[PDB]
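K.L.:
Before we start, here is the structure in question, set down as structure tokens.
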Amino acid sequence: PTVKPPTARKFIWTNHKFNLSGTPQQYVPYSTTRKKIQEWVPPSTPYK
Amino acid sequence: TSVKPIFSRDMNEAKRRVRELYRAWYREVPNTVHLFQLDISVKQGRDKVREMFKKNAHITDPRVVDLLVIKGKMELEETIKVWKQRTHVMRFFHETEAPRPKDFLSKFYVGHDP
Amino acid sequence: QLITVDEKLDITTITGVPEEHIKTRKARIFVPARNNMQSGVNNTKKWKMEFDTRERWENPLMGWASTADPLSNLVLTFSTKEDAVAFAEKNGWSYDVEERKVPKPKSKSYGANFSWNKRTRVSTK
Amino acid sequence: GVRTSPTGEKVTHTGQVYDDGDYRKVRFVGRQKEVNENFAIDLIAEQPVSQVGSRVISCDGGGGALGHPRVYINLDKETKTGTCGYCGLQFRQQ
Amino acid sequence: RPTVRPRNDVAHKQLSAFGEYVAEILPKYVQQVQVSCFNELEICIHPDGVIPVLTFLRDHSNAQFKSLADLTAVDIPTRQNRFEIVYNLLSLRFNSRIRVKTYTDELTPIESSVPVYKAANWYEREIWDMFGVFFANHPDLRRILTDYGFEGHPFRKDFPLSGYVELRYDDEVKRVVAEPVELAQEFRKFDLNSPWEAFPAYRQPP
Amino acid sequence: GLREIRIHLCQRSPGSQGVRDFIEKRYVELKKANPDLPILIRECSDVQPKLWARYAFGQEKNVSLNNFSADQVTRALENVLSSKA
Amino acid sequence: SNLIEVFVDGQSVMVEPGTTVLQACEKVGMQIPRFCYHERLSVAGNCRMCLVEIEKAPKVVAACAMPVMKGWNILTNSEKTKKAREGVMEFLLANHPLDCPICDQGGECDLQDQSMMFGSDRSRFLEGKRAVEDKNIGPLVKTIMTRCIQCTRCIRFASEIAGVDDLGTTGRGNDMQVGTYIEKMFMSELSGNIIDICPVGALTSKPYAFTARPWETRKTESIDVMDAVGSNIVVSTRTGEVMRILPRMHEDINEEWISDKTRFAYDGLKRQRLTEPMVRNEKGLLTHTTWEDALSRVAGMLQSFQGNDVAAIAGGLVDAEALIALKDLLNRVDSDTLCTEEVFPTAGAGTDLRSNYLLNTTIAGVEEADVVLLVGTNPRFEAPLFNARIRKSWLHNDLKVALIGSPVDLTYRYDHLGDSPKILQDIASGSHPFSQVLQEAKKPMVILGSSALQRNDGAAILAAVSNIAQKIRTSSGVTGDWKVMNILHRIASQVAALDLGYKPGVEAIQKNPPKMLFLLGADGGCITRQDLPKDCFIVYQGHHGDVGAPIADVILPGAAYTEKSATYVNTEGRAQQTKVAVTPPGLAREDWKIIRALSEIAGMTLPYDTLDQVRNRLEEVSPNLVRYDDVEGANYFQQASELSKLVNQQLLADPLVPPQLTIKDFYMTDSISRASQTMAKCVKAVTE
Ligand code: SF4
Ligand code: SF4
Ligand code: FES
Ligand SMILES: [K+]
Ligand SMILES: [Zn+2]
């Protein structure tokens, strides 16, 4: 890279990270989608 | 309605092979409980053998009975020859399976299945 | 040498299926409807057998669709509805058969687009 | 475009966030919620609209065969810009 | 034509002639004879003919199919006899291959071909294991590929892909146990067939 | 006592012919006499004709009308209309 | 005798004269490729994909439009035919955009697939492509018109099926564009069908956009419940979520169309759902609870009441299995107050005779009628697929249609006789000239809208309309087996409830206000707490929190029509069943199972434990309810008309005015479509 440097992009990490497994920086998986079904919320005033 | 037989030509002939298989299984349980160091009693093992035989009591096709005996003898051979391990023998007893609900109300409370 | 066997063919005891997935299932025997998004009719030639849909739930970790139904993906293909019914009968599944729906023959006439006195005349081409 | 919910969890670019009563956020306790901070919707918006002289322009996303399939964008409407369906670049007929 | 597989008419003619030859000599058993467009000869026989037909092809001076390349089954549920038994044979003398096919259902035994080819021993065990076809007079018929005590015949078209049970280690009983299968992600069924016919040459009459 | 009458019959089977005669001749007069009683007539092809009576608290009886004549149908109707099972 | 012999690749086939070349190929199982041809639209002949060689003829013919001649041999696989297909496909793809990855049609595209099967495998087009600007035609149909191949299917469908002449072509040659020219929205109750018939991704569903690919969807064949037509549908699901609704072809019901409410209201199933049992807490507010606790509270009250103190109302979307289960449960406490929200006059025969409340002619029978008299109905919005059948007979059979009621736009021209109910007497008396049309007619059809029977004088209107149909049958002008009298229902659950012996309307409840009321998906607000004693115990069972739920003491979450296998009977009396596409959300349960579970806890166990057993029960009450897809005839119109004359009732002076006069009134009619955000967008679009 001192002779053929990589192409620069604004989104490329400026700071490389090594393997973070076993540390508080480890990746934890989760679902990235929002709730699919909306439940009906009952009214907040008595009226039976 | 004219088919090739497997071993038996009628139910009486087939029912003989069933009885011979039952005796073989009956006499093998004590050695199975000892060889595999099972924690079940000999009575439990025989009670399990009888239960396995009884759920097939409604069969009236000799060819189906012949295959059940054929498969039952393979299972016995696997056991007597210790091809099975302890896990395989105890799989008949479903020890880690919790009791599923049988009545309508219990099934209704837990899920949608019939 | 052959023998005589008059009992109805029944193999439920030698197929290895657990009891739950024999008695409590409902097989549907049908010819799939044409996908309305396409005009091709080649997926409507054969009879199919599928089973009743059971619960799918969200996996707590990733949100993937989990299932406990071993038959959820099973789909068999048959030449005729007799073959499908025969298969369902010997496996002990209760079933529903829906009669094949064939598009009824239409009367087409390009000339009607320009009728002298009928409503079939088209206002645009 | 990362913002934090009232409970402090970062919201993803897909809008995902565990709500206040969700037990599932226990998975981040002692660890972290991985969130990418380069929101593409924000980055594409910064790109200037490209002024062209023709009614129809083509976009392949740049880089020739390293971009996307080449598509042609009609620029007759004057109210809005033409937007590439693959890469989001915008065009306008001067 | 660079992209088209060339035809071989000489081999097609030779195989067709031998197919009629076999059909003339064992009419008692031969039901159908066909040669494919890529020149593979198939003999379809009544299941009673397994031993006579295989013996003839192994031993006859104009056949000498001394090697059993493969023996397998195919499950076709729409057929009354759902299992198609396929023997693939090789003749080193005449540098030729032939395929013999018969059929059976769930309850009809097929005669074991171990007397003709010792190679058939394990192939028949595999067919029994994976399809449940019983071979009569086998020296030792039992499962070969599946776990001990495994129920069912997985290669049948109606056996579910992931099966009915799955295994895990249970600490309470200190052993591996089997339990009904639950999948964190269900296998996703895809409907891929195009609604437009691809091959007119194989169109079935309506 | 009585809460609901139901009559099942086929539209064309000869076994339902008597029920068909009863409906076309006597049902209208029956309905006039029992103005506030549900008499659910339900035709279905190839079904054996039947007479269902429902009493208080969901008790039901069913009488077969197969091959009955219009008179027997009348008789069966009178038996149900005088019961309190 | 009439048939002529033609040959398809040498195979003889006998066809009626006028059969096209394409149709003759169908007869031997050969499907000619096509784009512009649709068998339910007028022939166009413009795409040229159907060109086929005729043996000994130098010129290929357009198979879709060319009538087959005697002795012709149609070569469907000849070199000339194949090269013709390759050439046409090459032209179709020359300007087509490289959009497949971003285009929703991908994977179920007739352009893709016929390119794969009949086109070349490469391009020799070296120029730049056409690009066309997009048209906004409303919130339902997205347009990406650069994909349009100018097949004119959408134009023909709009003009012929929908009866709306807003789509057309502007310009000429390669610049010819499909659209409305001006800025106009294509808002029709059948508009969404142009998505299906557009062979390419030029017209696509806005709600569905980008969410799924065809190969990954599971298809569940079901039935629509948004009206009483009983349209057959396919519910596409993926990984446990309903993705979209598609028509399913049924020649005798909806053909291959569905209404926009049937197509797009499914997104209401994801909103305002009831997922847990709820009971009122000490402060009078609904709070989540277990099934055990919720049913114990309901069972306690049920055991403490009898007879007229217990009543039930069934809503519009309720299935037959639940209807009989609730009827059985209330009968076991000697309660017979099983009511529906939709009224049907009980005067005379009432619900004793099916023919009194059925569309006896059937939907397909409209095509055989010669005069249709519509009374007090707007079938365009009450039964869109039924109105489409009327227009089809109007278009092809020259059917004469007359209306009594508000002069709504029906998409075809009709004779407006007026909105006064008094016209029925004039026609029956013979003074009115239109009565002479009915006498001359051989197969007249008289249709009374159920929405008209919701008036206070519904019994009088039903009697008056029946009197007309009885005069027609007394005049001997009709065949004999042809049925004249018809009732056009608008509620999916109505006919099954009448079949089971429910009381139509909530009049019985208003006479004897019960102490315990069951609301089974009853969201019409017919009975509110003002009409009930101060302490009335209200149990709501349903799938949506809408009108009934907020007033209830106990909420039992039920299943929607996509989440159960349930029996619905359409306006003709045809029983059909849905299938489970996805299971009910949360703790919701199948509706008949809830009632069966409640019966056990209340010490009154119902005698059925499975879907098959409760369907055996339905057969005992009304045998037709288990004859799926069958239309069982109903007789005894003469006996019904006699009882109809026994009691005299006066027509009110009010004009007949249907509940839905314009498209804005069509989109929201039930709890599912009221919760649908797509339906709200449609309402906003057509009003603003
Ligand atoms: S319409 Fe068909 S061919 Fe055209 S971009 Fe869409 S998927 Fe591809
Ligand atoms: S928009 Fe679709 S249906 Fe209409 S002309 Fe274009 S391709 Fe045909
Ligand atoms: S399908 Fe015949 S020209 Fe278009
Ligand atoms: K489309
Ligand atoms: Zn781009």
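Residues in the structure tokens are named by chain (A, B, ... in the order shown) and by number from 1 within that chain; ligands are numbered from 1 in the order shown.
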Which residues sit within 7 Å of ligand 5, counting only C-alpha atoms and all ligand atoms, listed as a VMD selection string?

P.N.:
chain D and resid 59 to 61 68 84 to 89

K.L.:
Neighbouring residues of residue 10 of chain C were defined as those with any atom within 12 Å, considering only C-alpha atoms; residues of the same chain fewer than 3 positions away were excluded. Please report them as a VMD selection string.

P.N.:
(chain B and resid 58 to 65) or (chain C and resid 5 to 7 13 to 15 86 to 93) or (chain E and resid 106 to 107)

K.L.:
For ligand 2, return the neighbouring residues as a list in words (distance at most 8 Å; only C-alpha atoms and all ligand atoms).

P.N.:
residues 35, 36, 143, 145, 147, 148, 149, 150, 151, 152, 153, 154, 155, 178, 194, 195, 197, 198, 199, 200, 201, 202 and 203 of chain G

K.L.:
Show me which residues are within 12 Å of ligand 1 counting only C-alpha atoms and all ligand atoms, and format the list as a PyMOL selection string.

P.N.:
(chain C and resi 37-38) or (chain D and resi 69+71+85) or (chain G and resi 35+89+92-116+143-149+195+198-204+213-214)

K.L.:
Hey, can you check how far atom CA of residue 659 of chain G sits from atom CA of residue 376 of chain G?

P.N.:
9.8 Å

K.L.:
Any residue with an atom at most 12 Å from ligand 3 counts, using only C-alpha atoms and all ligand atoms. Which are they? Put them as a compact mmCIF listing (two decimals) with N, CA and C atoms, in the first residue's frame.

P.N.:
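File selection_24.txt, as written:
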```
# COMPACT_ATOMS: atom_id res chain seq x y z
N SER C 39 -49.98 -16.15 -17.15
CA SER C 39 -50.92 -16.87 -18.00
C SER C 39 -50.54 -18.33 -18.22
N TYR C 110 -62.78 -11.71 -32.96
CA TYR C 110 -62.20 -10.40 -33.19
C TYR C 110 -63.20 -9.49 -33.89
N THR G 20 -60.75 -20.15 -32.46
CA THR G 20 -59.51 -19.59 -32.97
C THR G 20 -58.43 -20.67 -33.03
N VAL G 21 -57.36 -20.36 -33.76
CA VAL G 21 -56.23 -21.27 -33.85
C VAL G 21 -55.66 -21.54 -32.46
N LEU G 22 -55.53 -20.49 -31.65
CA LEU G 22 -55.01 -20.65 -30.30
C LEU G 22 -55.89 -21.58 -29.48
N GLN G 23 -57.22 -21.43 -29.59
CA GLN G 23 -58.12 -22.29 -28.83
C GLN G 23 -58.03 -23.73 -29.28
N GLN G 31 -50.16 -24.79 -25.23
CA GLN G 31 -50.42 -23.39 -24.91
C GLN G 31 -49.54 -22.52 -25.79
N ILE G 32 -50.15 -21.81 -26.72
CA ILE G 32 -49.43 -20.85 -27.56
C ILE G 32 -48.94 -19.70 -26.70
N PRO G 33 -47.71 -19.22 -26.87
CA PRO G 33 -47.28 -18.03 -26.13
C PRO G 33 -48.11 -16.81 -26.50
N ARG G 34 -48.31 -15.93 -25.53
CA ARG G 34 -49.15 -14.76 -25.74
C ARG G 34 -48.71 -13.65 -24.80
N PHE G 35 -49.12 -12.43 -25.13
CA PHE G 35 -49.00 -11.31 -24.21
C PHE G 35 -50.29 -10.51 -24.20
N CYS G 36 -50.75 -10.08 -25.37
CA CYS G 36 -51.94 -9.25 -25.43
C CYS G 36 -53.22 -10.05 -25.25
N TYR G 37 -53.22 -11.33 -25.60
CA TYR G 37 -54.44 -12.12 -25.52
C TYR G 37 -54.76 -12.50 -24.08
N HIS G 38 -56.00 -12.24 -23.68
CA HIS G 38 -56.56 -12.74 -22.44
C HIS G 38 -57.97 -13.24 -22.75
N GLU G 39 -58.28 -14.46 -22.34
CA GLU G 39 -59.53 -15.08 -22.75
C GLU G 39 -60.77 -14.39 -22.18
N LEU G 41 -60.90 -10.95 -22.02
CA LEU G 41 -60.93 -9.65 -22.66
C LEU G 41 -61.18 -9.82 -24.15
N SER G 42 -61.52 -8.72 -24.81
CA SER G 42 -61.68 -8.75 -26.25
C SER G 42 -60.32 -8.99 -26.92
N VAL G 43 -60.35 -9.68 -28.05
CA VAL G 43 -59.13 -9.99 -28.78
C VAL G 43 -58.52 -8.70 -29.31
N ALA G 44 -57.19 -8.60 -29.22
CA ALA G 44 -56.45 -7.43 -29.66
C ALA G 44 -55.55 -7.72 -30.86
N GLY G 45 -54.74 -8.76 -30.78
CA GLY G 45 -53.89 -9.13 -31.90
C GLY G 45 -52.69 -8.25 -32.12
N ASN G 46 -52.21 -7.54 -31.10
CA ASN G 46 -51.16 -6.55 -31.29
C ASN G 46 -49.77 -7.01 -30.84
N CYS G 47 -49.65 -7.92 -29.88
CA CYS G 47 -48.31 -8.27 -29.42
C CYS G 47 -47.56 -9.12 -30.45
N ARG G 48 -48.27 -9.96 -31.19
CA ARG G 48 -47.74 -10.84 -32.22
C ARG G 48 -46.92 -11.99 -31.66
N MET G 49 -46.97 -12.24 -30.36
CA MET G 49 -46.23 -13.37 -29.80
C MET G 49 -46.85 -14.71 -30.17
N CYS G 50 -48.11 -14.71 -30.59
CA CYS G 50 -48.84 -15.94 -30.89
C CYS G 50 -48.77 -16.34 -32.35
N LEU G 51 -47.88 -15.73 -33.13
CA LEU G 51 -47.76 -16.10 -34.54
C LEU G 51 -47.42 -17.57 -34.67
N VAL G 52 -48.10 -18.25 -35.58
CA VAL G 52 -47.92 -19.69 -35.76
C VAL G 52 -48.08 -20.02 -37.23
N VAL G 60 -47.33 -16.54 -41.51
CA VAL G 60 -47.77 -16.91 -40.18
C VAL G 60 -49.02 -16.12 -39.81
N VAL G 61 -49.88 -16.73 -39.01
CA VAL G 61 -51.14 -16.12 -38.60
C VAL G 61 -51.12 -15.90 -37.09
N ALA G 62 -51.84 -14.87 -36.66
CA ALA G 62 -51.99 -14.58 -35.23
C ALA G 62 -52.99 -15.57 -34.66
N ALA G 63 -52.48 -16.57 -33.94
CA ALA G 63 -53.32 -17.67 -33.48
C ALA G 63 -54.46 -17.19 -32.60
N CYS G 64 -54.25 -16.13 -31.81
CA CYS G 64 -55.27 -15.68 -30.87
C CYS G 64 -56.48 -15.09 -31.57
N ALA G 65 -56.32 -14.58 -32.78
CA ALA G 65 -57.40 -13.90 -33.48
C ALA G 65 -57.87 -14.62 -34.73
N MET G 66 -57.06 -15.49 -35.31
CA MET G 66 -57.41 -16.13 -36.57
C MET G 66 -58.40 -17.26 -36.33
N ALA G 84 -40.42 -16.92 -35.72
CA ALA G 84 -41.36 -15.84 -35.49
C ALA G 84 -41.39 -15.45 -34.02
N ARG G 85 -41.41 -16.44 -33.12
CA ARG G 85 -41.40 -16.15 -31.69
C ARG G 85 -40.11 -15.47 -31.27
N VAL G 88 -40.18 -11.75 -32.39
CA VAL G 88 -41.06 -10.91 -31.60
C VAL G 88 -40.47 -10.67 -30.22
N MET G 89 -39.99 -11.73 -29.56
CA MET G 89 -39.39 -11.55 -28.25
C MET G 89 -38.20 -10.60 -28.32
N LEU G 92 -39.68 -7.11 -28.30
CA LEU G 92 -40.23 -6.78 -26.99
C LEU G 92 -39.14 -6.39 -26.00
N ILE G 149 -45.17 -3.04 -22.13
CA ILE G 149 -44.97 -3.58 -23.47
C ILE G 149 -46.14 -3.28 -24.38
N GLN G 150 -47.04 -2.38 -23.97
CA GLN G 150 -48.11 -1.87 -24.83
C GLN G 150 -49.07 -2.97 -25.27
N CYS G 151 -49.32 -3.93 -24.37
CA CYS G 151 -50.22 -5.03 -24.70
C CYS G 151 -51.69 -4.62 -24.68
N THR G 152 -52.02 -3.49 -24.06
CA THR G 152 -53.36 -2.92 -23.95
C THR G 152 -54.32 -3.80 -23.14
N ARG G 153 -53.81 -4.74 -22.35
CA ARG G 153 -54.69 -5.52 -21.50
C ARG G 153 -55.40 -4.64 -20.47
N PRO G 199 -48.94 -8.18 -17.93
CA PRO G 199 -47.97 -9.28 -17.99
C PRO G 199 -46.62 -8.93 -17.40
```

K.L.:
With only C-alpha atoms and all ligand atoms as the atoms that count, which of C:24, C:36, C:12, C:43 lies nearest to ligand 4?

P.N.:
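The answer is C:36, which sits nearest to ligand 4.
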
K.L.:
What residues in chain G lie within 7 Å of chain E, counting only C-alpha atoms, written as number ranges by chain?

P.N.:
G: 28-29, 113, 117, 215-216

K.L.:
Take the residues just selected and output them with C-alpha atoms as a short mmCIF file (atom, residue, chain, number, x, y, z; two decimals), in the first residue's frame.

P.N.:
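Saved file result.cif follows:
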```
data_model
loop_
_atom_site.label_atom_id
_atom_site.label_comp_id
_atom_site.auth_asym_id
_atom_site.auth_seq_id
_atom_site.Cartn_x
_atom_site.Cartn_y
_atom_site.Cartn_z
CA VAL G 28 -54.54 -30.86 -27.36
CA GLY G 29 -52.74 -29.34 -24.37
CA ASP G 113 -40.52 -16.93 -18.69
CA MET G 117 -38.80 -20.77 -23.26
CA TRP G 215 -40.78 -18.48 -5.26
CA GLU G 216 -40.53 -18.01 -1.49
#
```

K.L.:
Return as a PyMOL selection string the residues belonging to chain A that are within 6 Å of chain G, counting only C-alpha atoms.

P.N.:
chain A and resi 37-40+46+48

K.L.:
Include N, CA, C and O atoms and write out the residues we just selected as a PDB file, in the first residue's frame.

P.N.:
```pdb
ATOM      1  N   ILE A  37     -47.080  -7.294  14.236  1.00  0.00           N
ATOM      2  CA  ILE A  37     -48.495  -7.244  14.584  1.00  0.00           C
ATOM      3  C   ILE A  37     -48.687  -6.267  15.732  1.00  0.00           C
ATOM      4  O   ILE A  37     -48.006  -6.365  16.758  1.00  0.00           O
ATOM      5  N   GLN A  38     -49.617  -5.336  15.559  1.00  0.00           N
ATOM      6  CA  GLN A  38     -49.926  -4.323  16.559  1.00  0.00           C
ATOM      7  C   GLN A  38     -51.129  -4.781  17.370  1.00  0.00           C
ATOM      8  O   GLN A  38     -52.186  -5.081  16.806  1.00  0.00           O
ATOM      9  N   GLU A  39     -50.970  -4.834  18.686  1.00  0.00           N
ATOM     10  CA  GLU A  39     -52.056  -5.239  19.562  1.00  0.00           C
ATOM     11  C   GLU A  39     -52.980  -4.064  19.847  1.00  0.00           C
ATOM     12  O   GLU A  39     -52.551  -2.913  19.930  1.00  0.00           O
ATOM     13  N   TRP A  40     -54.266  -4.367  19.981  1.00  0.00           N
ATOM     14  CA  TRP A  40     -55.237  -3.355  20.368  1.00  0.00           C
ATOM     15  C   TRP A  40     -55.004  -2.941  21.813  1.00  0.00           C
ATOM     16  O   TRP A  40     -54.886  -3.788  22.699  1.00  0.00           O
ATOM     17  N   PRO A  46     -62.950   3.866  32.736  1.00  0.00           N
ATOM     18  CA  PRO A  46     -63.881   2.769  33.017  1.00  0.00           C
ATOM     19  C   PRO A  46     -65.186   2.960  32.267  1.00  0.00           C
ATOM     20  O   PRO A  46     -65.727   4.066  32.204  1.00  0.00           O
ATOM     21  N   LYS A  48     -67.327  -0.433  31.457  1.00  0.00           N
ATOM     22  CA  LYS A  48     -68.075  -1.678  31.309  1.00  0.00           C
ATOM     23  C   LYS A  48     -69.556  -1.408  31.549  1.00  0.00           C
ATOM     24  O   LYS A  48     -69.925  -0.444  32.219  1.00  0.00           O
TER      25      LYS A  48
END
```

K.L.:
Counting only C-alpha atoms, which residues of chain C come no farther than 10 Å from chain E, as a PyMOL selection string?

P.N.:
chain C and resi 9+11+14-18+21+34-35+38-45+47+56-87+91

K.L.:
Tell me, in Å to one decimal, how far atom CA of residue 135 of chain G is from atom CA of residue 168 of chain G.

P.N.:
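Separating atom CA of residue 135 of chain G from atom CA of residue 168 of chain G is a distance of 12.5 Å.
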
K.L.:
Hey, what's within 8 Å of residue 38 of chain D if we count only C-alpha atoms and toss same-chain stuff fewer than 4 positions away? As a list in words, please?

P.N.:
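Those residues are residues 11 of chain A; 1, 42 and 43 of chain D.
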
K.L.:
Figure out the distance between atom CA of residue 625 of chain G and atom CA of residue 576 of chain G, please, to one decimal in Å.

P.N.:
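Pair atom CA of residue 576 of chain G / atom CA of residue 625 of chain G returns 8.4 Å.
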
K.L.:
Please, which residues of chain B lie no more than 12 Å from chain E when the count uses only C-alpha atoms, and can they be set out as a PyMOL selection string?

P.N.:
chain B and resi 2-7+38-39+61-68+70-79+81-98+100

K.L.:
Save out the residues we just selected, C-alpha atoms, as a PDB file, in the first residue's frame.

P.N.:
```pdb
ATOM      1  CA  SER B   2     -54.022 -62.392  -4.900  1.00  0.00           C
ATOM      2  CA  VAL B   3     -50.631 -61.198  -3.645  1.00  0.00           C
ATOM      3  CA  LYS B   4     -47.204 -62.645  -3.002  1.00  0.00           C
ATOM      4  CA  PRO B   5     -46.607 -63.549   0.668  1.00  0.00           C
ATOM      5  CA  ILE B   6     -43.554 -62.611   2.702  1.00  0.00           C
ATOM      6  CA  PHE B   7     -43.315 -65.485   5.187  1.00  0.00           C
ATOM      7  CA  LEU B  38     -30.204 -49.815  32.904  1.00  0.00           C
ATOM      8  CA  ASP B  39     -31.917 -48.248  35.897  1.00  0.00           C
ATOM      9  CA  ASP B  61     -53.040 -58.389   7.083  1.00  0.00           C
ATOM     10  CA  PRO B  62     -50.488 -61.238   7.289  1.00  0.00           C
ATOM     11  CA  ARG B  63     -47.990 -59.340   5.133  1.00  0.00           C
ATOM     12  CA  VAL B  64     -48.058 -56.351   7.490  1.00  0.00           C
ATOM     13  CA  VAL B  65     -47.669 -58.667  10.486  1.00  0.00           C
ATOM     14  CA  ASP B  66     -44.734 -60.332   8.741  1.00  0.00           C
ATOM     15  CA  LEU B  67     -42.950 -57.003   8.310  1.00  0.00           C
ATOM     16  CA  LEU B  68     -43.604 -56.047  11.932  1.00  0.00           C
ATOM     17  CA  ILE B  70     -39.152 -58.777  10.554  1.00  0.00           C
ATOM     18  CA  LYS B  71     -38.550 -55.324  12.025  1.00  0.00           C
ATOM     19  CA  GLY B  72     -39.005 -56.580  15.579  1.00  0.00           C
ATOM     20  CA  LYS B  73     -36.328 -59.221  15.039  1.00  0.00           C
ATOM     21  CA  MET B  74     -33.898 -56.627  13.682  1.00  0.00           C
ATOM     22  CA  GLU B  75     -34.492 -54.574  16.819  1.00  0.00           C
ATOM     23  CA  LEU B  76     -33.844 -57.647  18.965  1.00  0.00           C
ATOM     24  CA  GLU B  77     -30.647 -58.457  17.067  1.00  0.00           C
ATOM     25  CA  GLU B  78     -29.408 -54.890  17.590  1.00  0.00           C
ATOM     26  CA  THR B  79     -30.007 -55.297  21.328  1.00  0.00           C
ATOM     27  CA  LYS B  81     -25.469 -58.026  19.998  1.00  0.00           C
ATOM     28  CA  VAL B  82     -24.971 -54.704  21.826  1.00  0.00           C
ATOM     29  CA  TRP B  83     -24.917 -52.826  18.549  1.00  0.00           C
ATOM     30  CA  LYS B  84     -27.261 -50.475  20.374  1.00  0.00           C
ATOM     31  CA  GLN B  85     -25.811 -48.327  23.122  1.00  0.00           C
ATOM     32  CA  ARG B  86     -27.588 -47.388  26.340  1.00  0.00           C
ATOM     33  CA  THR B  87     -29.128 -44.295  24.739  1.00  0.00           C
ATOM     34  CA  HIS B  88     -30.778 -46.407  22.034  1.00  0.00           C
ATOM     35  CA  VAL B  89     -32.373 -48.819  24.505  1.00  0.00           C
ATOM     36  CA  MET B  90     -33.709 -46.031  26.733  1.00  0.00           C
ATOM     37  CA  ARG B  91     -35.220 -44.162  23.777  1.00  0.00           C
ATOM     38  CA  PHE B  92     -38.271 -46.412  24.176  1.00  0.00           C
ATOM     39  CA  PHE B  93     -39.055 -44.717  27.488  1.00  0.00           C
ATOM     40  CA  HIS B  94     -39.031 -40.999  26.563  1.00  0.00           C
ATOM     41  CA  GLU B  95     -37.652 -39.974  29.938  1.00  0.00           C
ATOM     42  CA  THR B  96     -36.871 -36.350  29.046  1.00  0.00           C
ATOM     43  CA  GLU B  97     -40.174 -35.743  27.231  1.00  0.00           C
ATOM     44  CA  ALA B  98     -42.633 -33.930  29.471  1.00  0.00           C
ATOM     45  CA  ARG B 100     -48.181 -33.689  26.636  1.00  0.00           C
TER      46      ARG B 100
END
```

K.L.:
Write down as number ranges by chain the residues belonging to chain B that are assigned alpha helix (DSSP H) by DSSP computed on the backbone.

P.N.:
B: 11-35, 42-54, 62-80, 86-90, 104-110

K.L.:
Select residues of chain F: the criterion is any atom within 10 Å of an atom of chain G, counting only C-alpha atoms; output as a PyMOL selection string.

P.N.:
chain F and resi 3-11+20+23-29+31-32+35-45+47+50+52+54-59+62

K.L.:
Tell me the residues of chain A close to chain C, meaning within 9 Å using only C-alpha atoms, as number ranges by chain.

P.N.:
A: 29-33

K.L.:
Only N, CA and C atoms, please: the residues just picked out, written as a CSV table (one decimal), in the first residue's frame.

P.N.:
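Saved result, selection31.csv, follows:
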```csv
chain,number,residue,atom,x,y,z
A,29,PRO,N,-26.0,-11.0,18.2
A,29,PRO,CA,-27.0,-11.0,17.1
A,29,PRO,C,-28.3,-10.6,17.6
A,30,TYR,N,-29.1,-10.0,16.7
A,30,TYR,CA,-30.5,-9.6,17.1
A,30,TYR,C,-31.3,-9.4,15.8
A,31,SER,N,-32.6,-9.5,15.9
A,31,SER,CA,-33.5,-9.3,14.8
A,31,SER,C,-33.5,-7.8,14.4
A,32,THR,N,-33.3,-7.5,13.1
A,32,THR,CA,-33.3,-6.1,12.7
A,32,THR,C,-34.6,-5.5,12.2
A,33,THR,N,-35.6,-6.4,12.2
A,33,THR,CA,-37.0,-5.9,11.8
A,33,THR,C,-37.8,-5.5,12.9
```

K.L.:
Taking only C-alpha atoms into account and nothing else, which residues of chain G lie no more than 6 Å away from chain D? Please answer as a list in words.

P.N.:
residues 131, 132 and 133 of chain G

K.L.:
Please produce a file of those selected residues containing C-alpha atoms, as a PDB file, in the first residue's frame.

P.N.:
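This is the output file selection19.pdb:
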```
ATOM      1  CA  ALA G 131     -37.409   5.730 -21.119  1.00  0.00           C
ATOM      2  CA  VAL G 132     -40.952   6.795 -20.251  1.00  0.00           C
ATOM      3  CA  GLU G 133     -42.249   8.944 -17.424  1.00  0.00           C
TER       4      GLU G 133
END
```
